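This document starts with one chain, in the form deposited without the RNA, laid out as structure tokens.
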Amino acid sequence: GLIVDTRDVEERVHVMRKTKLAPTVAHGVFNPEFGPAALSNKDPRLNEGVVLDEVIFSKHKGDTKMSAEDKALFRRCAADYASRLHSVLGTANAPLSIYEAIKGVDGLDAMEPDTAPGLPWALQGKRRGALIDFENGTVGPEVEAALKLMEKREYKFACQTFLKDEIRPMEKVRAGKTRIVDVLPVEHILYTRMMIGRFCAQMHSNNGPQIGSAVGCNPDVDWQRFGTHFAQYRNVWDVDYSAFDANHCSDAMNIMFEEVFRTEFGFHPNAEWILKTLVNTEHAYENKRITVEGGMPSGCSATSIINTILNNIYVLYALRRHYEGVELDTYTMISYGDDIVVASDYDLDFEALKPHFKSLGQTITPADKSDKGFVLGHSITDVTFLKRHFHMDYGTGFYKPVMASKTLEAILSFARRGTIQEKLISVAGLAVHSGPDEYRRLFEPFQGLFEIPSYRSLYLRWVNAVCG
């Protein structure tokens, strides 16, 4: 987005200044070009002069203003995609009750009881369980008062900026390219789930190419479904965006909310409103208060779904900004936030599409970082999606999600204290698809030290999962 104002205040919001990823026994074996992101300005690994405070907000390079004709085109694309979405999902989009928004419904996980509560609560030393009854699905007076302000369209909030404690390529770490999480107030998440939670549940339950969304998928089971679909198209592309969430422009976010979340599709009128509160935001980082126009905060309850919807509309808009006769059947795609696979039997020129995405504020490049840029003839076995390749398994004849061994090494090389055993079981479920030899190599630093699931047990499990 466009930073329109920066100011200092006495109230100090203590941002992330720690590192909860300890190196494991595996670090010394694999020596990964990956490490924890820098969480303190006094981190020796960063380059001299690197000031994360500057770097971490450099993503806010502006808010692209769109022309009348381009906005009218975007509106048509948003309405055409919305028509497709709602035809699949239905229009039972009435608000969830407070209980259902807290506890979840089929296709929507319950709210987290002990994650960050956001502002102003973070100042007051209050936890989420002190504001909401996650067992009974009720709210206290504080939240109830805010919900009434939201009903009245009178609610205002600040985003709380957290630095993301995660493993990153050591190059990004050296450059201070630490990611931020914008933690919204828990009552804003709550009301958003009230306004659009049934829609989100339906999105999850209907994930697939038809709606262009993989949010809610299970890669172990669904890679077969997605792979067989994309295998039958002549051209497949995997596209990278630069700072996709920060570069969603005000015009595009407002129009998308207006066309997707209409009352004529069953939504309460405040569905559009609460989503629109995401466009112009205020972010709290220590004594800094930074006001931004445009861009999506990461901590909306529906950030992934909203990013996915925008991705779908961006592709239709860009193709239509360059070709005549483009329709939702001219191509197929599936997206997860900024992640995207597009396919088509037409020789679409993604190189030529670069300026049309730029008119939206977005910069697309091939995911292969090729020097020629986009090309034709790539297949589903060439692309990466959710960090996973699409590989045929020969015992079953089914597609399986295969992660890069370098990435698995990095994941296994760090862990927070007292979770190594738990993490190994988790990562084992990702690594089984790399085959027995690599699976063995990946886990050999932990032999005699922790329980390692047998390759056989996880393969037999996966087989029943993908067919049974």
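Residues carry their position along the shown sequence, with the first being 1.
Comparing 380 to 388 with 302 to 310, the higher mean C-alpha B-factor in the PDB entry belongs to 380 to 388. On average the C-alpha atoms of 137 to 145 have higher B-factors than those of the other stretch, with 137 to 145 and 200 to 208 being the two compared. The top Cα temperature factor in the record, among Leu408, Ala38, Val402, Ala428, falls on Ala38. You'll see in the entry that, of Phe265, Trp273, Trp121, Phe74, the Cα B factor peaks at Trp121.
Ranked within its chain, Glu258 lands in the lowest third, by CA B factor from the PDB record. Compared with the other modelled residues of the chain, the Cα B-factor recorded for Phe226 ranks in the lowest third. Sorting the modelled residues of the chain by their CA temperature factor places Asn235 in the middle third. Looking at the C-alpha B-factors along this chain, the one for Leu449 belongs to the highest third. Among all modelled residues in this chain, the alpha-carbon of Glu187 has a temperature factor (C-alpha) in the middle third.
Another form, the form solved in complex with the RNA, is not on view; read the next lines as being about it.
Using a 4.5 Å cut-off to the RNA in the deposited complex, each of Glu112, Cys217 and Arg388 places a heavy atom inside that distance. Residues of just one listed stretch (73 to 81, 273 to 281, 226 to 234, 115 to 123) have heavy atoms within 4.5 Å of the RNA in the deposited complex: 115 to 123. The closest heavy atom approach of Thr407 to the RNA in the deposited complex falls within 4.5 Å.
Among heavy atoms of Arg198, none comes within 4.5 Å of the RNA in the deposited complex.
Contact annotation for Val432: none of its heavy atoms lies within 4.5 Å of the RNA in the deposited complex. Residue contact with the RNA in the deposited complex: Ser344 places no heavy atom within 4.5 Å of it. Think of it this way: in the deposited complex, the RNA has a heavy atom of just one of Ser250, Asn93, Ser304, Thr332 within 4.5 Å, and the residue is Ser304. Residue in contact with the RNA in the deposited complex (any heavy atom within 4.5 Å), chosen from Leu46, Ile56, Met66, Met403: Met403.
Taking the RNA as positioned in the deposited complex, the residues of 394 to 429 that bring a heavy atom within 4.5 Å of it are, in sequence order, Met403, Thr407, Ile411, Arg416, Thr419, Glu422, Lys423, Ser426, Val427.
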